[PDB]
Structures are given as structure tokens and as C-alpha cells.
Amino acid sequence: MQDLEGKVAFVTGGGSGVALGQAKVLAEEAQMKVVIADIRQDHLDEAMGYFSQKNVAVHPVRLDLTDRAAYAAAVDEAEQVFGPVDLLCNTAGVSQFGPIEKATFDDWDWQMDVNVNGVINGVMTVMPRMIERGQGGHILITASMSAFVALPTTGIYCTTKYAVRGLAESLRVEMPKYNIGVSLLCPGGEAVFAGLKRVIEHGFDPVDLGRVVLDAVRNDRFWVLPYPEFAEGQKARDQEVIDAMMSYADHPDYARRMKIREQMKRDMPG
């Protein structure tokens, strides 16, 4: 998405953390009109304490993103204050780690509601409006490296981030025909992976990561995983699945399916 100046961004969890970093970069550098949605009023107040000292257009709204009615109202408010949402940043998220066998249903429901339903709610509230308007748009989903890597004690969290990864890849297929871009950001949160992530944690900066997002939005990039370190580790994870698939290359039914495909490339147009 180009020409971001004056366009409207809606950032969940925007009162703190990664989301605040995104809000800062979009409002200051990109000069977008940014709505920051956060459940906590004090976090909103803090962010506005910062933005009140900058030449920006930022509007706070207190929102529990698990509340579908309130979400719709918050987006209505965004439209009245600034205008139709051009860029949706689904960046809000929670995490509570522990052994999976000790997890409660309340633990599951809480993280599922915020991390998955929160993203679903935003997408389903905003994306149909984008399509109706017919001026395109962009949808950012902030997942995690946990959408690729399961770890001890991150069972629930991992499940929620895989989920929104699937949603993101699904949007990626159906949104382009509406000129709506889709980006999937995986900041994070093999003991080798832990050691590599820890160094990333040490250098991590929300504003710097915000500029990575900005770059991805401008150039309409889907995969936003700015970590070359994880490459060899991911290749190994990928190869497990490939090897699993190829372990049945021997099995007769496969040769039978290949016999049919061979015959069907003959006979027919293309």
C-alpha cells in the first residue's frame, strides 16, 4: 500500500509494546492518522502523553477486542474521527506459559479469545468495510515465531499463533482481488533456537520493528520474519515434513496415483 500520508490506521494493543511501536512509526514517519485501541485506560493515557508532544494525528479508544459489539463501535468511532480504516494492525496479544498438563480451561479460553478471536473480530469488523468501499487497504497480523516453533511451556500460546498464521495465509489468497494487502509479522516472544531468540530479545526495539512493518506494508510483503538466524533451523523443521511425505514414495497406491496423473496429462487440454 502506497501514499500512506493522511490514510487511517487502526492498531490494537496500541497503548504499549510492539503495537505502540507500530503506532509511533505510522503516526510520525508515515504521517498516518492512527487510532490506538487498548483495553487499559492508563496505557492509553501514557501513549497519549507521548503523542501530545509530537506533531501527529492520534486518537485513543478504550477497547476490549474480545467484545465484538464494542469493536464495531470502535471502528465506527475511527470513521467519524478520521475516516475509513486503510490499515488494520492486529497486534494485540497475551501470553501465559506453563506445562500443558497443568493448563486450565480458563487459561485456554482467555488466550484463545484475545489472540485468535481478537484477530478474527478485527478482520471481520474491518475487512468487509474495506471491500465495500472499493479503495483497497491492508491487513497486518502480528503472530510470533511461535507460529513456526513449538517450545516447552508455550503450548497454548503456540496454538493461538499457529491459528492466526493460518488466518493470515487464508487472507493472503482471497484479499488480492480486492486490492487489499496482507502482512504476517512474527516477532517471537533446539535449545539453539532459544539462544538465538534471546540475542534478538536483547536487541529488540518496538520502533525499529515498527519500521520493518512500515517497509513491509509499503512493498506489500506477506512474510515479515526479519531473522536470518532462524533459517537453518527452519529448513530442518521443513525437512521433517518433506521426508515424512516422501517416506511413502515406495507404497503402491502412490505409484497408482502417479500412473493416473501421467495418463491425464495426455488425453486432455493442458
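Start at 1 with the first residue shown and count on from there.
Participant: What number of residues from the deposited sequence go unmodelled in the gap from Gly189 to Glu190, classed as none, 1 to 3, 4 to 9, or 10 or more?
Facilitator: A long stretch, 10 or more residues, is missing between them.
Participant: So 180-188 or 137-145, which one's hotter by mean CA B-factor in the entry?
Facilitator: The deposited B-factors put 180-188 ahead on the C-alpha mean.
Participant: Pick between 157-165 and 97-105: the one whose mean CA B-factor in the entry is higher.
Facilitator: Higher mean C-alpha B-factor in the PDB entry: 97-105.
Participant: Lowest, middle or highest third: which one holds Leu63 when the chain's residues are ordered by CA B-factor from the entry?
Facilitator: It belongs to the lowest third of the chain when residues are ordered by C-alpha B-factor.
Participant: Taking the values exactly as deposited, rank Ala70 by C-alpha B-factor within its chain and report the matching third: lowest, middle or highest.
Facilitator: Its C-alpha B-factor, which the entry lists for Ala70, ranks in the lowest third among residues of this chain.
Participant: Lowest, middle or highest third: where is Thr12 by Cα B-factor in its chain?
Facilitator: Ranked within chain, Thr12 CA B lands in the lowest tercile.
Participant: Sort the modelled residues of this chain by their C-alpha B factor and say whether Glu132 lands in the lowest, middle or highest third.
Facilitator: Highest third.
Participant: Could you place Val25 in the lowest, middle or highest third of its chain by Cα temperature factor, using the values in the record?
Facilitator: Ranked within chain, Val25 CA B lands in the middle tercile.
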